[PDB]
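All remarks here apply to the structure that follows.
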Amino acid sequence: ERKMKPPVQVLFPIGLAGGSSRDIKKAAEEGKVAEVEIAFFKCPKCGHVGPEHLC
Amino acid sequence: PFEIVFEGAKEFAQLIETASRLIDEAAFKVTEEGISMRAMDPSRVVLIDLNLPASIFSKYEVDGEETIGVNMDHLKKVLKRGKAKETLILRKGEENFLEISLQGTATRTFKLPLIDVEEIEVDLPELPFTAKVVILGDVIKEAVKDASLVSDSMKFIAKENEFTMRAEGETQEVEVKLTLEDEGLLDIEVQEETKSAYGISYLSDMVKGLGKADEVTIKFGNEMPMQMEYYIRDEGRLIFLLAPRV
Amino acid sequence: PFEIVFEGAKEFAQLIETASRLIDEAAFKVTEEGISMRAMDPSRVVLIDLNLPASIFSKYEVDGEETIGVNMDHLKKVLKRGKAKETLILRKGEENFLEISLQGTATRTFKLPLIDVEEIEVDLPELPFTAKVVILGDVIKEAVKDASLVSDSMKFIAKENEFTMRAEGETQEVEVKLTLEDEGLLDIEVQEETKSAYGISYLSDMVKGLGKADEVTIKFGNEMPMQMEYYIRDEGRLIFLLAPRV
Amino acid sequence: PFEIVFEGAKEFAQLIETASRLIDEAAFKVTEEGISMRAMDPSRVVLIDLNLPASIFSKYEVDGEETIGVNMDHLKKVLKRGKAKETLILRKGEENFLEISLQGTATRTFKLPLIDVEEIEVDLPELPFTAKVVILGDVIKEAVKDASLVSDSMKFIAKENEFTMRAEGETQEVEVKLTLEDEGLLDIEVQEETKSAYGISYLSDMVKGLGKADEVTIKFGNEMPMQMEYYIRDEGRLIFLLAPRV
Amino acid sequence: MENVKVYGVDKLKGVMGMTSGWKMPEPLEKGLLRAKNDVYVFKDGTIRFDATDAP
DNA sequence: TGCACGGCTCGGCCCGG
DNA sequence: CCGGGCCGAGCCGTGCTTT
Ligand SMILES: [Zn+2]
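Protein chains in written order, with my numbering: chain A, -7 to 47; chain B, 39 to 284; chain C, 39 to 284; chain D, 39 to 284; chain E, 5 to 59.
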């Protein structure tokens, strides 16, 4: 098969909040807060802002 | 030059291990009354106080006062070698070397170096503790171990004839309630309602290695550091001061 | 809003741990008769069916029928905190949470939010099982361990008044045989010659945690799935349906 | 074709595991008297000799004499699969396969393929040993465990009615001393003052596996190898030879 | 997890940081389904299999 | 561009005290 | 029966004739 140098399953930035293996689930479980360069989108109607394509 | 004798090397080893989980190096003061220590965590969160009156030790001979500075890791590893029924002896002579003799079926002697450590005197007098409670070690140990699952901060709540520890997470939640009818809470004396929060890691480190059948006195107030203490061999005692979070 | 009480929380913890070693999610039916659960492992090779009649509960108060979906890992971790003497209480109000209370020297309550686990109906009709043997958990546990030690798969061969189980490796060989005159087996009834093979991973997963003094009933035939089952408190029951190889 | 029966497979497993720590392959010599083994490790620093006469064996049946070779890892695992109260059975036929069976609550038989190993017969003549000390296994085990704390080498110093094992590091030091009047030492027979040192790795590897209550006799001289002895059920014996340091 | 109804996933690997000039993230639902089905992703968002070729 | 060594961390087993 | 010790796994690193 084909895998990245560290195997990846989703193209989502996490930083160091997941550990060496960049585990998103582990970071989510421990209620951590992650700071990373990402793109946000804004809903025209109400004003929700986040890294999503649908409000 | 002093000679100090103690039975039950494992008890002394556990005391030292508890003391050494927060301070990498500390200095013990030896005096005719006994032994005492006072250090502070590197992050300035947890304070450790020690007191071992001379009545605890089987034999206590010393003239004058001397300061003892030893690396805590090496001493911990050395004392970890003592079985339950070993007799532990601490000795010193003219040379600036600390001897640790363990006596059992076979006699074994260790020699350790002394490293000078700066001593800073920080004594905190009585502070206004609205609520004071005394509970068994098992109750608090289990409460902390349960609260460790949901989150990393534990909340203490005290009321008239009521003691509550709770934790909250993103989706889960735990809560333990105690009352005078219960056997966990020996006695509660609260002048007015109070509440605080503390870090789980510090609480686990402080409460770990605590006798299941013991008596622990907890004193705290509205958003102020808590005080926990318990007697050792009916004479010595420990004290912990943990800073509140947020 | 039902309420259920069970004495011996550790038994329930072990039962749920055994049941959750194959399925990552599960939906439990609550009915007037008792709790019920069924699911398939992700690989779609083992079927787990669990039945807990209302008789085995110290208390059982149900006023309807519903389903509760909980994540198996969280429930398992919470249930691991119960001692052998605790009494376990499960209740659910009009709110969308499950409250797990452990009672004893003190009361400790957890809160798990229910999830929306989808339902998939699956049931297999009674199969014609030529050979049926009941044994003790320890012998099967050791035999599976040995087969895993040598080979990667096991073969179940049974004849008139004789039950044997082999595991042929690449070069090595393991042979375990038993007879009704032996203490391992309790009885045998073989309609005709039978033999089959099954994987070792699933067998090790399901047979693990078996007690020494537990009777296990095994039914199998020629190249068709094996059925293993054992009783909980003389009324409950847990069943597995392991598919064959080739 | 032989039939060997041994009671207490756990002790046999322990003996073989202790023997296998230093070496990888060995050839077992079996004759009308018993079983004997001897080998040297790949580093040419330790020589291990083992014998087991027929007196210890519950049942012995051998015709002629043969040497049987097999990998130590697989045999060690198969023996580790045994229990405390089972009876080990070593049997073989014309086919060159070693069949091991354990007959306890149930009978299980494994097959272990044979292997041919070159035999290099070497006997080191008995040397002039200036000291013979008999001590319990526990004292030496604990002394090695302490000595490994400060340095990677250990020192012996025999004297008239005096034995002491030391160890020194960069700063720390360790010393253990005992006398005839003590309960840890049984008999000491020194002709002249002796001093030697041995690596802690090999001493730790070979000592591990001695019961707390046991008899161990050590023969060593001035800057010459060391010999360690202890009986297996009062008939067999195990011989260890360790080259000195410096 | 609520959106795709996939709750049993234990690990979910991500990336330390995005190398594109937009730094748009991928939806987490796709990552959850990939983790559930045991497949890995590539730099452009596709799953690939490499093999030697013969005629 | 595949191989070979050497610092962590990090859970799952075990075994004995 | 609860806890240390030990042992894989899995990430980050190096290095691959030269007067
Ligand atoms: Zn919107």
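Beta carbons: idealized from backbone N, C-alpha and C, even for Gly.
Setting aside the 5 residues that flank it on each side, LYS121/B is surrounded in the same chain by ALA47, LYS48 and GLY142, each with a C-beta closer than 8 Å to its C-beta; the list follows chain order.
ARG129/C has a beta carbon lying at 8 Å or more from every beta carbon in chain B. Neighbours of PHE50/D in chain C, taken as residues at a C-beta separation under 7 Å, are lacking, since the least C-beta distance is about 18 Å.
Every unbroken stretch of the alpha helix (DSSP H) spanning 4 or more residues and falling wholly within the region 97 to 170 of chain C is given here in chain order: 110 to 117.
Taking non-hydrogen atoms of ligand 1 into account, the C-beta of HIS45/A is found less than 7 Å away from none of them. Proximity of the region 150 to 163 of chain D to the region 171 to 185 of chain D falls short of the contact definition, fewer than three beta-carbon pairs being nearer than 8 Å. Placement of the Cβ of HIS40/A at a distance of less than 7 Å from at least one heavy atom of ligand 1 is found. Scanning chain D for C-beta atoms nearer than 8 Å to the C-beta of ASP101/C yields nothing, as the closest lies near 49 Å away. Restricting attention to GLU198/B, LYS193/B and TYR98/B, the CA atom closest to the CA of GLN229/B is found in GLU198/B. The shortest CA-to-CA distance from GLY249/D to any of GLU45/D, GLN52/D and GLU41/D is the one to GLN52/D. Against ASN134/C, chain E offers no close residue; the least beta-carbon distance is about 13 Å (beta-carbon pairs closer than 7 Å). Taking C-beta separations shorter than 6 Å and ignoring five residues to either side along the sequence, the partners of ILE277/D in its chain run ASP87, following chain order.
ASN109/C counts as buried, since no fewer than 16 other beta carbons sit within 10 angstroms of its beta carbon. When secondary structure is reduced to three states using DSSP, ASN89/B falls in the strand class. When DSSP states are grouped into helix, strand and coil, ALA196/D belongs to the strand group. Residue pairing by DSSP puts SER234/C in a beta bridge opposite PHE194/C. Between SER186/C and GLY207/C, the CB-CB gap reaches or exceeds 8 Å. Within a 10 Å sphere around the beta-carbon of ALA144/D sit 16 or more other beta-carbons, which makes this residue buried.
For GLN210/C, the closest Cβ of chain D is nearer than 8 Å. By the CB criterion at 8 Å, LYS215/C and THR202/C fall inside the cutoff. Secondary structure note for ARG38/E: its alpha helix (DSSP H) is the uninterrupted segment 32 to 41. No Cβ-Cβ contact shorter than 8 Å links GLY18/E with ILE30/A. Contact annotation, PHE44/D with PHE95/D: C-beta distance approximately 6 Å; criterion of less than 8 Å satisfied.
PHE32/A is bridged by DSSP to nothing; it lacks a bridge partner. The C-beta separation of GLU99/C from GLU41/C comes to about 5 Å, placing the pair in contact by the 8 Å criterion. Only those residues of the region 30 to 54 of chain E whose C-beta falls short of 7 Å from the nearest C-beta of chain C would be listed, and there are none. Counting only residues of its own chain and dropping the five nearest sequence neighbours on each side, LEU46/A has no CB closer than 7 Å to any other CB. Residue pairing from DSSP places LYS17/E in a beta bridge opposite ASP15/A. When the Cα atoms are used, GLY72/B and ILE54/B turn out to be separated by approximately 16 Å. Comparing C-alpha distances from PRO80/D to each of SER74/D, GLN265/D and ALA64/D shows the shortest one belongs to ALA64/D.
One finds nothing in chain C with a Cβ atom closer than 8 Å to the Cβ of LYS17/E; even the nearest lies about 18 Å away. With a threshold of 8 Å between beta carbons, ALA47/D makes no contact with chain C. Residue pairing from DSSP places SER74/B in a beta bridge opposite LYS67/B and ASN89/B.
Among the CB atoms of chain B, none fall inside 8 Å of the CB of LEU152/C.
The beta carbon of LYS250/C does not come within 8 Å of any beta carbon belonging to chain B, so the residue lies off that interface. Using a Cβ-Cβ cut-off of 7 Å, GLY222/B is close to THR143 and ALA144 of chain C, given in chain order.
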